>>> print(open('run_27.cif').read())   # mmCIF, C-alpha atoms; chains and numbers go by the auth columns
data_structure
#
loop_
_atom_site.group_PDB
_atom_site.id
_atom_site.type_symbol
_atom_site.label_atom_id
_atom_site.label_comp_id
_atom_site.label_asym_id
_atom_site.label_seq_id
_atom_site.Cartn_x
_atom_site.Cartn_y
_atom_site.Cartn_z
_atom_site.B_iso_or_equiv
_atom_site.auth_seq_id
_atom_site.auth_asym_id
ATOM 1 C CA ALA A 1 29.545 -4.608 -6.098 0.00 421 A
ATOM 2 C CA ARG A 2 27.622 -7.875 -5.680 0.00 422 A
ATOM 3 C CA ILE A 3 29.943 -8.913 -2.833 0.00 423 A
ATOM 4 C CA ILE A 4 29.431 -5.536 -1.131 0.00 424 A
ATOM 5 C CA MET A 5 25.653 -5.862 -1.551 0.00 425 A
ATOM 6 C CA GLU A 6 25.756 -9.367 -0.050 0.00 426 A
ATOM 7 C CA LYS A 7 27.859 -8.094 2.866 0.00 427 A
ATOM 8 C CA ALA A 8 25.410 -5.232 3.454 0.00 428 A
ATOM 9 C CA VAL A 9 22.492 -7.685 3.320 0.00 429 A
ATOM 10 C CA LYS A 10 24.337 -9.830 5.887 0.00 430 A
ATOM 11 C CA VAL A 11 24.841 -6.763 8.128 0.00 431 A
ATOM 12 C CA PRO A 12 22.044 -6.616 10.769 0.00 432 A
ATOM 13 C CA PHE A 13 20.929 -3.009 10.383 0.00 433 A
ATOM 14 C CA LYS A 14 18.420 -1.478 12.788 0.00 434 A
ATOM 15 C CA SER A 15 15.833 -0.524 10.151 0.00 435 A
ATOM 16 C CA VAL A 16 14.348 -3.260 7.970 0.00 436 A
ATOM 17 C CA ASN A 17 13.445 -0.542 5.450 0.00 437 A
ATOM 18 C CA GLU A 18 17.180 0.098 5.017 0.00 438 A
ATOM 19 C CA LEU A 19 17.715 -3.561 4.083 0.00 439 A
ATOM 20 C CA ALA A 20 14.702 -3.394 1.754 0.00 440 A
ATOM 21 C CA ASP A 21 16.179 -0.301 0.080 0.00 441 A
ATOM 22 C CA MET A 22 19.546 -2.060 -0.274 0.00 442 A
ATOM 23 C CA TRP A 23 17.842 -5.075 -1.876 0.00 443 A
ATOM 24 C CA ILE A 24 15.879 -2.762 -4.192 0.00 444 A
ATOM 25 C CA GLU A 25 19.111 -0.992 -5.178 0.00 445 A
ATOM 26 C CA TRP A 26 20.763 -4.349 -5.915 0.00 446 A
ATOM 27 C CA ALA A 27 17.745 -5.380 -8.009 0.00 447 A
ATOM 28 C CA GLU A 28 17.857 -2.053 -9.877 0.00 448 A
ATOM 29 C CA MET A 29 21.577 -2.517 -10.575 0.00 449 A
ATOM 30 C CA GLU A 30 20.887 -6.043 -11.854 0.00 450 A
ATOM 31 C CA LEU A 31 18.053 -4.747 -14.061 0.00 451 A
ATOM 32 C CA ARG A 32 20.358 -2.046 -15.445 0.00 452 A
ATOM 33 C CA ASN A 33 22.910 -4.835 -16.042 0.00 453 A
ATOM 34 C CA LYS A 34 20.330 -6.742 -18.179 0.00 454 A
ATOM 35 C CA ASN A 35 19.729 -9.271 -15.380 0.00 455 A
ATOM 36 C CA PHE A 36 16.042 -8.704 -14.617 0.00 456 A
ATOM 37 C CA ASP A 37 15.553 -12.435 -14.020 0.00 457 A
ATOM 38 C CA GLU A 38 18.497 -12.364 -11.597 0.00 458 A
ATOM 39 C CA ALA A 39 16.983 -9.271 -9.955 0.00 459 A
ATOM 40 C CA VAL A 40 13.654 -11.082 -9.518 0.00 460 A
ATOM 41 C CA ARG A 41 15.490 -14.107 -8.095 0.00 461 A
ATOM 42 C CA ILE A 42 17.366 -11.880 -5.629 0.00 462 A
ATOM 43 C CA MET A 43 14.106 -10.167 -4.637 0.00 463 A
ATOM 44 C CA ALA A 44 12.449 -13.555 -4.071 0.00 464 A
ATOM 45 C CA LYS A 45 15.443 -14.718 -2.020 0.00 465 A
ATOM 46 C CA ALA A 46 15.262 -11.546 0.089 0.00 466 A
ATOM 47 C CA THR A 47 11.541 -12.102 0.752 0.00 467 A
ATOM 48 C CA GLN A 48 11.956 -15.776 1.637 0.00 468 A
ATOM 49 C CA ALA A 49 10.159 -17.275 4.636 0.00 469 A
ATOM 50 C CA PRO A 50 7.972 -20.261 5.564 0.00 470 A
ATOM 51 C CA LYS A 51 4.334 -20.745 4.572 0.00 471 A
ATOM 52 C CA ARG A 52 3.047 -19.434 7.937 0.00 472 A
ATOM 53 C CA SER A 53 5.545 -16.720 8.871 0.00 473 A
ATOM 54 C CA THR A 54 4.063 -14.556 11.642 0.00 474 A
ATOM 55 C CA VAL A 55 7.054 -12.511 12.840 0.00 475 A
ATOM 56 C CA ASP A 56 6.113 -8.882 13.468 0.00 476 A
ATOM 57 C CA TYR A 57 8.328 -6.393 11.642 0.00 477 A
ATOM 58 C CA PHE A 58 7.767 -3.768 14.361 0.00 478 A
ATOM 59 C CA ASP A 59 9.154 -6.084 17.074 0.00 479 A
ATOM 60 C CA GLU A 60 12.637 -4.858 18.039 0.00 480 A
ATOM 61 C CA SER A 61 13.873 -8.297 19.116 0.00 481 A
ATOM 62 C CA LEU A 62 14.603 -10.186 15.882 0.00 482 A
ATOM 63 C CA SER A 63 17.130 -9.236 13.226 0.00 483 A
ATOM 64 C CA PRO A 64 16.031 -7.110 10.240 0.00 484 A
ATOM 65 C CA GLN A 65 16.902 -9.991 7.894 0.00 485 A
ATOM 66 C CA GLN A 66 14.440 -12.260 9.712 0.00 486 A
ATOM 67 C CA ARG A 67 11.824 -9.475 9.827 0.00 487 A
ATOM 68 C CA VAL A 68 12.052 -8.745 6.094 0.00 488 A
ATOM 69 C CA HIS A 69 9.345 -11.037 4.671 0.00 489 A
ATOM 70 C CA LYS A 70 6.625 -8.614 5.850 0.00 490 A
ATOM 71 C CA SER A 71 8.139 -5.669 3.939 0.00 491 A
ATOM 72 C CA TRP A 72 5.443 -3.995 1.845 0.00 492 A
ATOM 73 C CA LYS A 73 7.976 -1.981 -0.179 0.00 493 A
ATOM 74 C CA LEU A 74 10.046 -5.040 -1.138 0.00 494 A
ATOM 75 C CA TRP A 75 6.895 -7.002 -2.014 0.00 495 A
ATOM 76 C CA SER A 76 5.603 -4.102 -4.130 0.00 496 A
ATOM 77 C CA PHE A 77 8.964 -3.834 -5.917 0.00 497 A
ATOM 78 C CA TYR A 78 8.985 -7.591 -6.586 0.00 498 A
ATOM 79 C CA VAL A 79 5.401 -7.461 -7.896 0.00 499 A
ATOM 80 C CA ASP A 80 6.244 -4.508 -10.158 0.00 500 A
ATOM 81 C CA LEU A 81 9.334 -6.322 -11.461 0.00 501 A
ATOM 82 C CA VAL A 82 7.447 -9.571 -12.115 0.00 502 A
ATOM 83 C CA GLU A 83 4.460 -7.781 -13.687 0.00 503 A
ATOM 84 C CA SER A 84 6.365 -6.712 -16.823 0.00 504 A
ATOM 85 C CA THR A 85 8.750 -9.699 -16.924 0.00 505 A
ATOM 86 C CA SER A 86 6.606 -12.810 -16.321 0.00 506 A
ATOM 87 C CA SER A 87 3.148 -14.063 -17.272 0.00 507 A
ATOM 88 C CA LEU A 88 -0.091 -13.935 -15.270 0.00 508 A
ATOM 89 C CA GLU A 89 0.684 -17.207 -13.456 0.00 509 A
ATOM 90 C CA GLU A 90 3.717 -15.750 -11.669 0.00 510 A
ATOM 91 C CA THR A 91 1.743 -12.583 -10.880 0.00 511 A
ATOM 92 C CA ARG A 92 -1.028 -14.716 -9.355 0.00 512 A
ATOM 93 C CA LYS A 93 1.581 -16.666 -7.369 0.00 513 A
ATOM 94 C CA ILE A 94 3.101 -13.407 -6.093 0.00 514 A
ATOM 95 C CA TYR A 95 -0.367 -12.135 -5.142 0.00 515 A
ATOM 96 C CA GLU A 96 -1.076 -15.391 -3.283 0.00 516 A
ATOM 97 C CA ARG A 97 2.270 -15.122 -1.472 0.00 517 A
ATOM 98 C CA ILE A 98 1.480 -11.518 -0.501 0.00 518 A
ATOM 99 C CA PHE A 99 -1.962 -12.577 0.746 0.00 519 A
ATOM 100 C CA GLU A 100 -0.374 -15.418 2.735 0.00 520 A
ATOM 101 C CA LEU A 101 1.704 -12.912 4.729 0.00 521 A
ATOM 102 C CA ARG A 102 -1.421 -10.726 5.272 0.00 522 A
ATOM 103 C CA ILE A 103 0.527 -7.619 4.235 0.00 523 A
ATOM 104 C CA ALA A 104 -1.806 -6.650 1.365 0.00 524 A
ATOM 105 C CA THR A 105 -3.786 -3.421 1.719 0.00 525 A
ATOM 106 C CA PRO A 106 -7.042 -2.529 -0.076 0.00 526 A
ATOM 107 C CA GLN A 107 -4.874 -0.820 -2.702 0.00 527 A
ATOM 108 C CA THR A 108 -3.094 -4.153 -3.211 0.00 528 A
ATOM 109 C CA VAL A 109 -6.457 -5.881 -3.708 0.00 529 A
ATOM 110 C CA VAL A 110 -7.473 -3.151 -6.171 0.00 530 A
ATOM 111 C CA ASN A 111 -4.188 -3.647 -8.048 0.00 531 A
ATOM 112 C CA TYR A 112 -4.786 -7.414 -8.147 0.00 532 A
ATOM 113 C CA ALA A 113 -8.312 -6.839 -9.487 0.00 533 A
ATOM 114 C CA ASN A 114 -6.953 -4.438 -12.123 0.00 534 A
ATOM 115 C CA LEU A 115 -4.286 -6.968 -13.146 0.00 535 A
ATOM 116 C CA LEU A 116 -6.981 -9.644 -13.437 0.00 536 A
ATOM 117 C CA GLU A 117 -9.176 -7.318 -15.519 0.00 537 A
ATOM 118 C CA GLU A 118 -6.229 -6.491 -17.793 0.00 538 A
ATOM 119 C CA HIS A 119 -5.757 -10.229 -18.477 0.00 539 A
ATOM 120 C CA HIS A 120 -9.356 -10.751 -19.744 0.00 540 A
ATOM 121 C CA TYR A 121 -10.501 -12.169 -16.395 0.00 541 A
ATOM 122 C CA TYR A 122 -13.703 -10.891 -14.781 0.00 542 A
ATOM 123 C CA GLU A 123 -14.481 -13.789 -12.425 0.00 543 A
ATOM 124 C CA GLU A 124 -10.991 -13.466 -10.929 0.00 544 A
ATOM 125 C CA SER A 125 -11.646 -9.754 -10.359 0.00 545 A
ATOM 126 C CA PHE A 126 -14.834 -10.682 -8.489 0.00 546 A
ATOM 127 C CA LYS A 127 -12.833 -13.226 -6.467 0.00 547 A
ATOM 128 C CA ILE A 128 -10.248 -10.564 -5.575 0.00 548 A
ATOM 129 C CA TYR A 129 -13.047 -8.161 -4.606 0.00 549 A
ATOM 130 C CA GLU A 130 -14.559 -10.867 -2.387 0.00 550 A
ATOM 131 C CA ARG A 131 -11.124 -11.413 -0.820 0.00 551 A
ATOM 132 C CA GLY A 132 -10.827 -7.693 -0.110 0.00 552 A
ATOM 133 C CA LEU A 133 -14.315 -7.651 1.404 0.00 553 A
ATOM 134 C CA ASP A 134 -13.681 -10.733 3.568 0.00 554 A
ATOM 135 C CA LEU A 135 -10.216 -9.696 4.784 0.00 555 A
ATOM 136 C CA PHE A 136 -11.512 -6.342 6.092 0.00 556 A
ATOM 137 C CA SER A 137 -15.268 -6.205 6.571 0.00 557 A
ATOM 138 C CA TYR A 138 -16.617 -2.929 7.937 0.00 558 A
ATOM 139 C CA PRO A 139 -14.571 0.216 7.202 0.00 559 A
ATOM 140 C CA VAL A 140 -11.698 -0.754 4.921 0.00 560 A
ATOM 141 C CA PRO B 1 15.984 1.402 -17.521 0.00 60 B
ATOM 142 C CA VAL B 2 14.836 0.931 -13.916 0.00 61 B
ATOM 143 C CA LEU B 3 11.548 2.758 -14.591 0.00 62 B
ATOM 144 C CA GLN B 4 10.726 0.733 -17.708 0.00 63 B
ATOM 145 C CA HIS B 5 9.668 -2.734 -16.443 0.00 64 B
ATOM 146 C CA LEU B 6 7.279 -1.561 -13.708 0.00 65 B
ATOM 147 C CA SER B 7 3.494 -1.369 -13.848 0.00 66 B
ATOM 148 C CA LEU B 8 3.543 1.872 -11.770 0.00 67 B
ATOM 149 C CA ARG B 9 0.175 0.988 -10.218 0.00 68 B
ATOM 150 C CA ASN B 10 1.046 0.787 -6.507 0.00 69 B
ATOM 151 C CA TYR B 11 4.701 1.920 -6.261 0.00 70 B
ATOM 152 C CA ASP B 12 5.578 5.612 -6.399 0.00 71 B
ATOM 153 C CA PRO B 13 8.448 6.249 -8.857 0.00 72 B
ATOM 154 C CA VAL B 14 9.278 9.637 -7.301 0.00 73 B
ATOM 155 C CA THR B 15 8.937 8.863 -3.577 0.00 74 B
ATOM 156 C CA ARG B 16 10.425 5.336 -4.026 0.00 75 B
ATOM 157 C CA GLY B 17 7.650 3.883 -1.884 0.00 76 B
ATOM 158 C CA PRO B 18 4.132 2.452 -1.933 0.00 77 B
ATOM 159 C CA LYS B 19 1.315 4.552 -3.346 0.00 78 B
ATOM 160 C CA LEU B 20 -1.302 5.856 -0.914 0.00 79 B
ATOM 161 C CA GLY B 21 -4.994 6.469 -1.535 0.00 80 B
ATOM 162 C CA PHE B 22 -5.157 9.557 0.682 0.00 81 B
ATOM 163 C CA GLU B 23 -3.801 11.747 -2.135 0.00 82 B
ATOM 164 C CA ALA B 24 -4.271 9.482 -5.194 0.00 83 B
ATOM 165 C CA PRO B 25 -7.367 7.317 -4.707 0.00 84 B
ATOM 166 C CA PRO B 26 -8.000 4.669 -7.386 0.00 85 B
ATOM 167 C CA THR B 27 -11.668 5.701 -7.782 0.00 86 B
ATOM 168 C CA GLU B 28 -10.598 8.618 -10.003 0.00 87 B
ATOM 169 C CA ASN B 29 -9.149 6.086 -12.478 0.00 88 B
ATOM 170 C CA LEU B 30 -12.515 4.397 -13.089 0.00 89 B
ATOM 171 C CA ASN B 31 -14.077 4.821 -16.532 0.00 90 B
ATOM 172 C CA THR B 32 -17.626 4.601 -15.131 0.00 91 B
ATOM 173 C CA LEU B 33 -19.658 6.050 -12.252 0.00 92 B
ATOM 174 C CA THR B 34 -18.953 4.487 -8.861 0.00 93 B
ATOM 175 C CA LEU B 35 -21.414 4.206 -5.973 0.00 94 B
ATOM 176 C CA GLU B 36 -20.139 7.533 -4.637 0.00 95 B
ATOM 177 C CA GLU B 37 -20.654 8.996 -8.117 0.00 96 B
ATOM 178 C CA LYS B 38 -24.067 7.324 -8.340 0.00 97 B
ATOM 179 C CA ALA B 39 -27.085 7.952 -6.065 0.00 98 B
ATOM 180 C CA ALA B 40 -26.431 11.724 -6.268 0.00 99 B
ATOM 181 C CA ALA B 41 -27.688 12.744 -9.714 0.00 100 B
ATOM 182 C CA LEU B 42 -30.788 10.575 -9.220 0.00 101 B
ATOM 183 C CA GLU B 43 -31.693 12.514 -6.062 0.00 102 B
ATOM 184 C CA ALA B 44 -31.131 15.812 -7.893 0.00 103 B
ATOM 185 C CA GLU B 45 -33.318 14.609 -10.778 0.00 104 B
ATOM 186 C CA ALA B 46 -36.046 13.565 -8.323 0.00 105 B
ATOM 187 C CA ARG B 47 -35.863 16.967 -6.603 0.00 106 B
ATOM 188 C CA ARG B 48 -36.060 18.737 -9.978 0.00 107 B
ATOM 189 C CA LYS B 49 -39.062 16.603 -10.979 0.00 108 B
ATOM 190 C CA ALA B 50 -40.777 17.373 -7.659 0.00 109 B
ATOM 191 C CA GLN B 51 -40.106 21.102 -8.112 0.00 110 B
ATOM 192 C CA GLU B 52 -41.469 20.967 -11.675 0.00 111 B
ATOM 193 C CA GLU B 53 -44.584 19.125 -10.468 0.00 112 B
ATOM 194 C CA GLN B 54 -45.089 21.700 -7.699 0.00 113 B
ATOM 195 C CA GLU B 55 -44.691 24.559 -10.195 0.00 114 B
ATOM 196 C CA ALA B 56 -47.166 22.908 -12.580 0.00 115 B
ATOM 197 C CA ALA B 57 -49.666 22.409 -9.743 0.00 116 B
ATOM 198 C CA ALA B 58 -49.263 26.040 -8.652 0.00 117 B
ATOM 199 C CA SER C 1 28.894 22.783 19.862 0.00 110 C
ATOM 200 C CA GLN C 2 25.247 22.894 18.767 0.00 111 C
ATOM 201 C CA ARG C 3 25.162 19.122 18.205 0.00 112 C
ATOM 202 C CA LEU C 4 26.815 18.308 21.542 0.00 113 C
ATOM 203 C CA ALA C 5 24.247 20.448 23.383 0.00 114 C
ATOM 204 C CA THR C 6 21.341 18.585 21.715 0.00 115 C
ATOM 205 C CA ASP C 7 21.015 14.989 22.878 0.00 116 C
ATOM 206 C CA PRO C 8 19.722 12.283 20.501 0.00 117 C
ATOM 207 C CA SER C 9 16.792 11.649 22.861 0.00 118 C
ATOM 208 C CA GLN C 10 15.829 15.333 22.672 0.00 119 C
ATOM 209 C CA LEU C 11 16.064 15.190 18.868 0.00 120 C
ATOM 210 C CA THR C 12 13.868 12.069 18.815 0.00 121 C
ATOM 211 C CA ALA C 13 11.313 13.744 21.101 0.00 122 C
ATOM 212 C CA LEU C 14 11.308 16.849 18.885 0.00 123 C
ATOM 213 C CA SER C 15 10.827 14.667 15.793 0.00 124 C
ATOM 214 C CA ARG C 16 7.929 12.829 17.463 0.00 125 C
ATOM 215 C CA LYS C 17 6.323 16.137 18.479 0.00 126 C
ATOM 216 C CA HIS C 18 6.756 17.484 14.937 0.00 127 C
ATOM 217 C CA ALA C 19 5.200 14.312 13.496 0.00 128 C
ATOM 218 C CA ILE C 20 2.248 14.594 15.900 0.00 129 C
ATOM 219 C CA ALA C 21 1.781 18.272 14.997 0.00 130 C
ATOM 220 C CA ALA C 22 1.961 17.455 11.273 0.00 131 C
ATOM 221 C CA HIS C 23 -0.623 14.683 11.700 0.00 132 C
ATOM 222 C CA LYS C 24 -2.906 17.067 13.613 0.00 133 C
ATOM 223 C CA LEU C 25 -2.492 19.731 10.913 0.00 134 C
ATOM 224 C CA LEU C 26 -3.251 17.179 8.181 0.00 135 C
ATOM 225 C CA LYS C 27 -6.364 16.038 10.066 0.00 136 C
ATOM 226 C CA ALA C 28 -7.485 19.662 10.484 0.00 137 C
ATOM 227 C CA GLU C 29 -6.917 20.345 6.774 0.00 138 C
ATOM 228 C CA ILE C 30 -8.872 17.206 5.846 0.00 139 C
ATOM 229 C CA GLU C 31 -11.741 18.195 8.152 0.00 140 C
ATOM 230 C CA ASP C 32 -11.795 21.774 6.830 0.00 141 C
ATOM 231 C CA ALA C 33 -11.940 20.488 3.232 0.00 142 C
ATOM 232 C CA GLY C 34 -15.179 18.586 3.867 0.00 143 C
ATOM 233 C CA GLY C 35 -13.555 15.157 3.543 0.00 144 C
ATOM 234 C CA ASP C 36 -13.597 12.285 6.025 0.00 145 C
ATOM 235 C CA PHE C 37 -10.094 11.726 7.411 0.00 146 C
ATOM 236 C CA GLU C 38 -10.936 8.276 8.807 0.00 147 C
ATOM 237 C CA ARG C 39 -11.780 7.022 5.301 0.00 148 C
ATOM 238 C CA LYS C 40 -8.542 8.554 3.982 0.00 149 C
ATOM 239 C CA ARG C 41 -6.704 6.460 6.556 0.00 150 C
ATOM 240 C CA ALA C 42 -8.997 3.511 5.717 0.00 151 C
ATOM 241 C CA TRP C 43 -7.812 3.429 2.093 0.00 152 C
ATOM 242 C CA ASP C 44 -4.421 1.891 2.920 0.00 153 C
ATOM 243 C CA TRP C 45 -4.358 -0.179 6.104 0.00 154 C
ATOM 244 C CA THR C 46 -2.845 -3.645 6.188 0.00 155 C
ATOM 245 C CA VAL C 47 -4.860 -6.698 7.216 0.00 156 C
ATOM 246 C CA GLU C 48 -3.275 -7.267 10.645 0.00 157 C
ATOM 247 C CA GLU C 49 -3.982 -3.676 11.671 0.00 158 C
ATOM 248 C CA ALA C 50 -7.610 -4.231 10.635 0.00 159 C
ATOM 249 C CA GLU C 51 -8.063 -7.260 12.900 0.00 160 C
ATOM 250 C CA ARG C 52 -6.181 -5.404 15.662 0.00 161 C
ATOM 251 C CA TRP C 53 -8.512 -2.398 15.430 0.00 162 C
ATOM 252 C CA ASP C 54 -11.612 -4.609 15.180 0.00 163 C
#
>>> encode(input="run_27.cif", output="structure tokens")
Amino acid sequence: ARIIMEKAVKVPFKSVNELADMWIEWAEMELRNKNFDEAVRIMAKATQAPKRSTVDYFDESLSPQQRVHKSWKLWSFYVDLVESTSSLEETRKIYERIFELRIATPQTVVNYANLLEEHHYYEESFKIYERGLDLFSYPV
Amino acid sequence: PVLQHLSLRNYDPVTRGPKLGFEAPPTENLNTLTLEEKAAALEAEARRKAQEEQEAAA
Amino acid sequence: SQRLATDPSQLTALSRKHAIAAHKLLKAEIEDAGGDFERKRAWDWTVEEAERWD
């Protein structure tokens, strides 16, 4: 099953959402196999790119594996997996990595503020609110 | 087991996708009055006070 | 016989027209309910779309 999942991940499908769903299914199978750390490692390896990756996911010129770091569904699944498995430091690192790709919506900023407030942090919630205000000024 | 280690704050467990604020805004989850909730009862209270003052003057 | 008489381009055009009609119906339902549809879209945009629209 792992070999088939790796072969499907190495298959350049047309839709990047299909590859994200395959990675999420592999992570769910690993989590059901008591390998949540391995699932988080596989999710991090799927969403692996440089520090300044700017490839557009909507551009139909690159492969779906290359245009997979800007997947909001895979990033949300990785954040949900790491929220109940790791501490607040890894959650902050995942939030910083999501903000580096500029794929975080206002709902993502609200979730980051709620996660900061749940960890007895009010200045960090104000910082996340300032980040949400600065990233999108007028309407959003 | 899959739906046991997730925060369920931004990912929909039924639709298997990201949550959207068009149908489930986060402002309904607040325990206090937001800015949309505020500045509406104060105007109603001011209007009621003005109506009471007008009735007392009449 | 029904599938061979319907080209994939025609199916894609019909799907796009249905999506446009569904978006128009959702906008009409949001406007008839007294809510602002632009804010409902504005809840969940990404950053890059926000600089693009600005």
>>> resolve_selection(input="run_27.cif", expression="the PyMOL selection byres ((chain A and resi 504) around 7)", output="list in words")
residues 501, 502, 503, 505 and 506 of chain A; 64, 65 and 66 of chain B
>>> atom_distance(input="run_27.cif", atom1="CA of residue 512 in chain A", atom2="CA of residue 531 in chain A")
11.6 Å
>>> closest_residue(input="run_27.cif", among="A:541, A:456, A:433, A:556", to="chain C", atoms="all atoms listed in the file")
A:556
>>> resolve_selection(input="run_27.cif", expression="the PyMOL selection byres ((chain B) within 9 of (chain A))", output="PDB file with C-alpha atoms, in the coordinates of the input")
ATOM      1  CA  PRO B  60      15.984   1.402 -17.521  1.00  0.00           C
ATOM      2  CA  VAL B  61      14.836   0.931 -13.916  1.00  0.00           C
ATOM      3  CA  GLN B  63      10.726   0.733 -17.708  1.00  0.00           C
ATOM      4  CA  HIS B  64       9.668  -2.734 -16.443  1.00  0.00           C
ATOM      5  CA  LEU B  65       7.279  -1.561 -13.708  1.00  0.00           C
ATOM      6  CA  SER B  66       3.494  -1.369 -13.848  1.00  0.00           C
ATOM      7  CA  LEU B  67       3.543   1.872 -11.770  1.00  0.00           C
ATOM      8  CA  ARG B  68       0.175   0.988 -10.218  1.00  0.00           C
ATOM      9  CA  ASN B  69       1.046   0.787  -6.507  1.00  0.00           C
ATOM     10  CA  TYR B  70       4.701   1.920  -6.261  1.00  0.00           C
ATOM     11  CA  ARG B  75      10.425   5.336  -4.026  1.00  0.00           C
ATOM     12  CA  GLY B  76       7.650   3.883  -1.884  1.00  0.00           C
ATOM     13  CA  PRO B  77       4.132   2.452  -1.933  1.00  0.00           C
ATOM     14  CA  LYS B  78       1.315   4.552  -3.346  1.00  0.00           C
ATOM     15  CA  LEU B  79      -1.302   5.856  -0.914  1.00  0.00           C
ATOM     16  CA  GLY B  80      -4.994   6.469  -1.535  1.00  0.00           C
ATOM     17  CA  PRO B  84      -7.367   7.317  -4.707  1.00  0.00           C
ATOM     18  CA  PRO B  85      -8.000   4.669  -7.386  1.00  0.00           C
TER      19      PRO B  85
END
>>> interface_residues(input="run_27.cif", of="chain C", to="chain A", cutoff="10 Å", atoms="only C-alpha atoms", output="VMD selection string")
chain C and resid 147 to 160 163
>>> closest_residue(input="run_27.cif", among="C:162, C:111, C:136, C:126", to="chain B", atoms="all atoms listed in the file")
C:136
>>> closest_residue(input="run_27.cif", among="B:86, B:113, B:93, B:74", to="chain C", atoms="all atoms listed in the file")
B:86
>>> residues_near_point(input="run_27.cif", point="(-7.5, 12.0, 10.6)", cutoff="12 Å", atoms="only C-alpha atoms", output="PyMOL selection string")
(chain B and resi 81) or (chain C and resi 129+131-141+144-151)
>>> axis_aligned_box(input="run_27.cif", around="range 84-102 of chain B", padding_each_side="4 Å", output="AutoDock Vina command-line options")
--center_x -19.5 --center_y 8.5 --center_z -10.6 --size_x 32.3 --size_y 16.5 --size_z 19.9
>>> atom_distance(input="run_27.cif", atom1="CA of residue 435 in chain A", atom2="CA of residue 460 in chain A")
22.4 Å
>>> atom_distance(input="run_27.cif", atom1="CA of residue 425 in chain A", atom2="CA of residue 477 in chain A")
21.8 Å
